[PDB]
>>> print(open('input.cif').read())   # mmCIF, C-alpha atoms
data_query
loop_
_atom_site.group_PDB
_atom_site.id
_atom_site.type_symbol
_atom_site.label_atom_id
_atom_site.label_comp_id
_atom_site.auth_asym_id
_atom_site.auth_seq_id
_atom_site.Cartn_x
_atom_site.Cartn_y
_atom_site.Cartn_z
ATOM 1 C CA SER A 1856 0.000 0.000 0.000
ATOM 2 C CA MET A 1857 1.029 3.681 0.123
ATOM 3 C CA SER A 1858 4.665 3.958 1.332
ATOM 4 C CA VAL A 1859 4.612 0.138 2.105
ATOM 5 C CA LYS A 1860 6.485 -1.968 -0.401
ATOM 6 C CA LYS A 1861 7.660 -5.579 -0.609
ATOM 7 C CA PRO A 1862 11.400 -5.823 -1.311
ATOM 8 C CA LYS A 1863 12.426 -4.904 -4.977
ATOM 9 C CA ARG A 1864 12.779 -8.069 -7.207
ATOM 10 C CA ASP A 1865 15.547 -7.535 -9.818
ATOM 11 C CA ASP A 1866 13.723 -7.315 -13.157
ATOM 12 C CA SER A 1867 16.628 -5.780 -15.119
ATOM 13 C CA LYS A 1868 17.417 -9.014 -17.023
ATOM 14 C CA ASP A 1869 13.799 -9.966 -17.786
ATOM 15 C CA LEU A 1870 13.884 -8.520 -21.363
ATOM 16 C CA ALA A 1871 16.999 -10.473 -22.225
ATOM 17 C CA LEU A 1872 15.858 -13.642 -20.657
ATOM 18 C CA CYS A 1873 12.374 -13.512 -22.380
ATOM 19 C CA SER A 1874 14.268 -12.952 -25.707
ATOM 20 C CA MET A 1875 16.345 -16.064 -25.017
ATOM 21 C CA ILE A 1876 13.315 -18.164 -24.233
ATOM 22 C CA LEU A 1877 11.612 -16.867 -27.379
ATOM 23 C CA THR A 1878 14.743 -17.792 -29.444
ATOM 24 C CA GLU A 1879 14.563 -21.288 -28.052
ATOM 25 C CA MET A 1880 10.853 -21.530 -29.015
ATOM 26 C CA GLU A 1881 11.537 -20.103 -32.506
ATOM 27 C CA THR A 1882 14.218 -22.749 -33.174
ATOM 28 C CA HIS A 1883 12.284 -25.772 -31.854
ATOM 29 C CA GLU A 1884 11.480 -28.220 -34.645
ATOM 30 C CA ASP A 1885 7.807 -28.174 -33.726
ATOM 31 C CA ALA A 1886 7.549 -24.337 -33.917
ATOM 32 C CA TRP A 1887 6.464 -24.313 -37.621
ATOM 33 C CA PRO A 1888 2.701 -23.879 -36.967
ATOM 34 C CA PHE A 1889 3.411 -20.837 -34.773
ATOM 35 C CA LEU A 1890 6.183 -18.896 -36.557
ATOM 36 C CA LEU A 1891 3.932 -16.560 -38.529
ATOM 37 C CA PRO A 1892 0.369 -15.241 -38.266
ATOM 38 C CA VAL A 1893 -2.338 -17.614 -39.560
ATOM 39 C CA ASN A 1894 -3.389 -16.390 -42.992
ATOM 40 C CA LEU A 1895 -6.895 -15.101 -42.298
ATOM 41 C CA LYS A 1896 -7.746 -15.001 -46.011
ATOM 42 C CA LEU A 1897 -6.705 -18.591 -46.586
ATOM 43 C CA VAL A 1898 -7.898 -20.408 -43.484
ATOM 44 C CA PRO A 1899 -11.686 -20.689 -43.206
ATOM 45 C CA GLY A 1900 -13.175 -20.211 -39.764
ATOM 46 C CA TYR A 1901 -9.996 -18.681 -38.206
ATOM 47 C CA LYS A 1902 -10.917 -15.046 -38.264
ATOM 48 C CA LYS A 1903 -14.374 -15.575 -36.716
ATOM 49 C CA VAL A 1904 -13.439 -18.195 -34.208
ATOM 50 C CA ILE A 1905 -10.064 -16.933 -32.834
ATOM 51 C CA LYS A 1906 -10.737 -13.587 -31.290
ATOM 52 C CA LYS A 1907 -7.074 -12.816 -30.521
ATOM 53 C CA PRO A 1908 -4.588 -14.343 -33.000
ATOM 54 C CA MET A 1909 -1.011 -14.581 -31.740
ATOM 55 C CA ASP A 1910 2.187 -16.058 -33.195
ATOM 56 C CA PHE A 1911 5.943 -16.038 -32.400
ATOM 57 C CA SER A 1912 6.791 -13.351 -34.986
ATOM 58 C CA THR A 1913 4.212 -10.983 -33.486
ATOM 59 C CA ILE A 1914 5.528 -11.684 -29.977
ATOM 60 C CA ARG A 1915 9.113 -11.046 -31.235
ATOM 61 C CA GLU A 1916 8.116 -7.670 -32.740
ATOM 62 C CA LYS A 1917 6.182 -6.640 -29.540
ATOM 63 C CA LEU A 1918 9.204 -7.701 -27.439
ATOM 64 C CA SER A 1919 11.633 -5.741 -29.634
ATOM 65 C CA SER A 1920 9.539 -2.533 -29.522
ATOM 66 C CA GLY A 1921 8.753 -2.230 -25.790
ATOM 67 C CA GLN A 1922 5.216 -3.370 -25.995
ATOM 68 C CA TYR A 1923 5.425 -5.811 -23.042
ATOM 69 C CA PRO A 1924 5.192 -3.851 -19.758
ATOM 70 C CA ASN A 1925 6.389 -6.866 -17.735
ATOM 71 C CA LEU A 1926 7.309 -10.602 -18.039
ATOM 72 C CA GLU A 1927 3.642 -11.666 -17.201
ATOM 73 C CA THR A 1928 2.175 -9.911 -20.234
ATOM 74 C CA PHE A 1929 4.896 -11.732 -22.331
ATOM 75 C CA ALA A 1930 3.832 -15.175 -20.869
ATOM 76 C CA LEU A 1931 0.173 -14.333 -21.532
ATOM 77 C CA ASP A 1932 0.845 -13.890 -25.294
ATOM 78 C CA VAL A 1933 2.968 -17.084 -25.457
ATOM 79 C CA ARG A 1934 0.137 -19.054 -23.691
ATOM 80 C CA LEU A 1935 -2.378 -17.434 -26.105
ATOM 81 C CA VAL A 1936 -0.535 -18.989 -29.000
ATOM 82 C CA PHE A 1937 -1.136 -22.458 -27.484
ATOM 83 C CA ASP A 1938 -4.645 -21.804 -26.301
ATOM 84 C CA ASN A 1939 -5.591 -20.687 -29.820
ATOM 85 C CA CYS A 1940 -3.989 -23.801 -31.235
ATOM 86 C CA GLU A 1941 -6.077 -26.040 -28.876
ATOM 87 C CA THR A 1942 -9.240 -24.134 -29.829
ATOM 88 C CA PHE A 1943 -8.792 -24.728 -33.526
ATOM 89 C CA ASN A 1944 -6.951 -28.030 -33.826
ATOM 90 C CA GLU A 1945 -7.716 -31.569 -32.747
ATOM 91 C CA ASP A 1946 -5.248 -33.028 -30.130
ATOM 92 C CA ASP A 1947 -4.650 -35.948 -32.553
ATOM 93 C CA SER A 1948 -3.299 -33.839 -35.469
ATOM 94 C CA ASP A 1949 0.246 -32.819 -36.204
ATOM 95 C CA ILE A 1950 -0.490 -29.167 -35.292
ATOM 96 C CA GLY A 1951 -2.468 -30.189 -32.175
ATOM 97 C CA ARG A 1952 0.492 -32.316 -30.935
ATOM 98 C CA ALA A 1953 2.944 -29.521 -31.862
ATOM 99 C CA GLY A 1954 1.055 -27.150 -29.619
ATOM 100 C CA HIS A 1955 1.039 -29.434 -26.627
ATOM 101 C CA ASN A 1956 4.742 -30.085 -27.056
ATOM 102 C CA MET A 1957 5.595 -26.388 -27.369
ATOM 103 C CA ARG A 1958 3.487 -25.431 -24.381
ATOM 104 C CA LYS A 1959 5.343 -28.036 -22.279
ATOM 105 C CA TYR A 1960 8.698 -26.821 -23.548
ATOM 106 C CA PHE A 1961 7.826 -23.202 -22.771
ATOM 107 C CA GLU A 1962 6.475 -23.855 -19.294
ATOM 108 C CA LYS A 1963 9.619 -25.695 -18.222
ATOM 109 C CA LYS A 1964 11.897 -22.884 -19.468
ATOM 110 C CA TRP A 1965 9.637 -20.364 -17.742
ATOM 111 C CA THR A 1966 9.811 -22.173 -14.364
ATOM 112 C CA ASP A 1967 13.555 -22.841 -14.659
ATOM 113 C CA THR A 1968 14.321 -19.247 -15.610
ATOM 114 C CA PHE A 1969 12.062 -17.285 -13.216
ATOM 115 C CA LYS A 1970 10.583 -19.597 -10.403
#
>>> encode(input="input.cif", output="structure tokens")
Amino acid sequence: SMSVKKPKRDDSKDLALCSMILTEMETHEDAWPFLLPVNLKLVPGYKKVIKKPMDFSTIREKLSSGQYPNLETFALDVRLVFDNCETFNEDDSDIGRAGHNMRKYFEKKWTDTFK
């Protein structure tokens, strides 16, 4: 509350560390469904169904341009990528399996880096 603060957590390396995690996600072999925005002209249903499209390239550009105020807003967009993928894709599809795998991979790096 006013003039009453918990001790200051060092957040000065967060930007660098999120960039590193994002590099690791970009270079994973199962990243291909997520590298670029879904083509809303070429994929029926996507525009109407997925209210907030997100992809790794869009996260990389937001990250690079100071559009994440803190590491939680960064994790929210990463998780959005996988939540969208589960919304639109069966679990027993290549893309559906890719998304589960990538979510697992991300969540471990997140825990190991920050928790």
>>> resolve_selection(input="input.cif", expression="the PyMOL selection byres ((chain A and resi 1919) around 12)", output="PyMOL selection string")
chain A and resi 1870-1871+1873-1874+1877+1912-1918+1920-1924+1929
>>> write_last_selection(input="input.cif", atoms="C-alpha atoms", output="short mmCIF file (atom, residue, chain, number, x, y, z; two decimals), in the coordinates of the input")
data_model
loop_
_atom_site.label_atom_id
_atom_site.label_comp_id
_atom_site.auth_asym_id
_atom_site.auth_seq_id
_atom_site.Cartn_x
_atom_site.Cartn_y
_atom_site.Cartn_z
CA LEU A 1870 13.88 -8.52 -21.36
CA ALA A 1871 17.00 -10.47 -22.22
CA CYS A 1873 12.37 -13.51 -22.38
CA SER A 1874 14.27 -12.95 -25.71
CA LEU A 1877 11.61 -16.87 -27.38
CA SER A 1912 6.79 -13.35 -34.99
CA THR A 1913 4.21 -10.98 -33.49
CA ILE A 1914 5.53 -11.68 -29.98
CA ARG A 1915 9.11 -11.05 -31.24
CA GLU A 1916 8.12 -7.67 -32.74
CA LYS A 1917 6.18 -6.64 -29.54
CA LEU A 1918 9.20 -7.70 -27.44
CA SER A 1920 9.54 -2.53 -29.52
CA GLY A 1921 8.75 -2.23 -25.79
CA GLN A 1922 5.22 -3.37 -26.00
CA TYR A 1923 5.42 -5.81 -23.04
CA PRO A 1924 5.19 -3.85 -19.76
CA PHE A 1929 4.90 -11.73 -22.33
#
>>> closest_residue(input="input.cif", among="A:1930, A:1901, A:1911, A:1938", to="residue A:1966", atoms="only C-alpha atoms")
A:1930
>>> atom_distance(input="input.cif", atom1="atom CA of residue A:1895", atom2="atom CA of residue A:1962")
28.0 Å
>>> closest_residue(input="input.cif", among="A:1897, A:1956, A:1937, A:1965", to="residue A:1875", atoms="all atoms listed in the file")
A:1965
>>> atom_distance(input="input.cif", atom1="atom CA of residue A:1964", atom2="atom CA of residue A:1876")
6.9 Å
>>> build_atoms(input="input.cif", residues="stretch 1890-1916 of chain A", atoms="N, CA, C and O atoms", output="compact mmCIF listing (two decimals), in the frame of the given file")
# COMPACT_ATOMS: atom_id res chain seq x y z
N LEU A 1890 5.13 -19.87 -36.21
CA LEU A 1890 6.18 -18.90 -36.56
C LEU A 1890 5.64 -17.58 -37.12
O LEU A 1890 6.21 -16.51 -36.88
N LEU A 1891 4.55 -17.67 -37.85
CA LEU A 1891 3.93 -16.56 -38.53
C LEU A 1891 2.43 -16.51 -38.27
O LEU A 1891 1.79 -17.52 -37.93
N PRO A 1892 1.80 -15.32 -38.42
CA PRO A 1892 0.37 -15.24 -38.27
C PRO A 1892 -0.39 -16.16 -39.25
O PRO A 1892 0.09 -16.41 -40.37
N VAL A 1893 -1.45 -16.78 -38.74
CA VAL A 1893 -2.34 -17.61 -39.56
C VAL A 1893 -2.90 -16.70 -40.62
O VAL A 1893 -3.25 -15.56 -40.30
N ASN A 1894 -2.95 -17.20 -41.86
CA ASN A 1894 -3.39 -16.39 -42.99
C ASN A 1894 -4.94 -16.37 -42.97
O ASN A 1894 -5.58 -17.37 -43.24
N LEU A 1895 -5.45 -15.24 -42.54
CA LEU A 1895 -6.90 -15.10 -42.30
C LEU A 1895 -7.72 -15.12 -43.56
O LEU A 1895 -8.97 -15.39 -43.50
N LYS A 1896 -7.07 -14.87 -44.70
CA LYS A 1896 -7.75 -15.00 -46.01
C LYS A 1896 -7.78 -16.45 -46.45
O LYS A 1896 -8.66 -16.82 -47.20
N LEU A 1897 -6.80 -17.25 -46.06
CA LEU A 1897 -6.70 -18.59 -46.59
C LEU A 1897 -7.15 -19.68 -45.68
O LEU A 1897 -7.19 -20.83 -46.13
N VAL A 1898 -7.51 -19.37 -44.41
CA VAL A 1898 -7.90 -20.41 -43.48
C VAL A 1898 -9.31 -20.11 -42.99
O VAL A 1898 -9.54 -19.24 -42.13
N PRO A 1899 -10.28 -20.82 -43.60
CA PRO A 1899 -11.69 -20.69 -43.21
C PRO A 1899 -11.91 -20.92 -41.74
O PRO A 1899 -11.37 -21.89 -41.14
N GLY A 1900 -12.73 -20.08 -41.17
CA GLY A 1900 -13.18 -20.21 -39.76
C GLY A 1900 -12.27 -19.40 -38.82
O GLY A 1900 -12.72 -18.90 -37.78
N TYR A 1901 -11.01 -19.17 -39.24
CA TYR A 1901 -10.00 -18.68 -38.21
C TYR A 1901 -10.31 -17.32 -37.67
O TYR A 1901 -10.36 -17.11 -36.44
N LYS A 1902 -10.66 -16.43 -38.61
CA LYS A 1902 -10.92 -15.05 -38.26
C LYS A 1902 -12.07 -14.92 -37.27
O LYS A 1902 -12.01 -14.20 -36.28
N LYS A 1903 -13.17 -15.63 -37.57
CA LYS A 1903 -14.37 -15.58 -36.72
C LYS A 1903 -14.24 -16.26 -35.36
O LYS A 1903 -14.84 -15.90 -34.33
N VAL A 1904 -13.55 -17.38 -35.38
CA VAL A 1904 -13.44 -18.20 -34.21
C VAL A 1904 -12.38 -17.69 -33.24
O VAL A 1904 -12.61 -17.73 -32.03
N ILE A 1905 -11.24 -17.22 -33.77
CA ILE A 1905 -10.06 -16.93 -32.83
C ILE A 1905 -10.02 -15.44 -32.68
O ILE A 1905 -9.58 -14.73 -33.59
N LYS A 1906 -10.49 -15.01 -31.53
CA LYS A 1906 -10.74 -13.59 -31.29
C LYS A 1906 -9.43 -12.79 -31.14
O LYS A 1906 -9.37 -11.61 -31.47
N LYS A 1907 -8.38 -13.47 -30.69
CA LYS A 1907 -7.07 -12.82 -30.52
C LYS A 1907 -5.96 -13.67 -31.06
O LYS A 1907 -5.37 -14.39 -30.28
N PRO A 1908 -5.68 -13.58 -32.36
CA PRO A 1908 -4.59 -14.34 -33.00
C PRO A 1908 -3.27 -13.92 -32.42
O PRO A 1908 -3.11 -12.73 -32.03
N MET A 1909 -2.38 -14.90 -32.24
CA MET A 1909 -1.01 -14.58 -31.74
C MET A 1909 -0.08 -15.62 -32.34
O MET A 1909 -0.52 -16.78 -32.63
N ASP A 1910 1.15 -15.23 -32.55
CA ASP A 1910 2.19 -16.06 -33.20
C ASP A 1910 3.56 -15.57 -32.70
O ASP A 1910 3.69 -14.44 -32.20
N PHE A 1911 4.61 -16.37 -32.91
CA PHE A 1911 5.94 -16.04 -32.40
C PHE A 1911 6.53 -14.79 -33.02
O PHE A 1911 7.16 -13.99 -32.31
N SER A 1912 6.27 -14.56 -34.32
CA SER A 1912 6.79 -13.35 -34.99
C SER A 1912 6.22 -12.05 -34.42
O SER A 1912 6.97 -11.05 -34.33
N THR A 1913 4.95 -12.07 -34.09
CA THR A 1913 4.21 -10.98 -33.49
C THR A 1913 4.70 -10.75 -32.05
O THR A 1913 5.00 -9.61 -31.65
N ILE A 1914 4.96 -11.84 -31.33
CA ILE A 1914 5.53 -11.68 -29.98
C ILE A 1914 6.94 -11.08 -30.10
O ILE A 1914 7.34 -10.23 -29.25
N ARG A 1915 7.73 -11.57 -31.05
CA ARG A 1915 9.11 -11.05 -31.24
C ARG A 1915 9.11 -9.53 -31.55
O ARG A 1915 9.88 -8.74 -30.95
N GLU A 1916 8.23 -9.10 -32.42
CA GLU A 1916 8.12 -7.67 -32.74
C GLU A 1916 7.63 -6.82 -31.51
O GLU A 1916 8.13 -5.68 -31.27
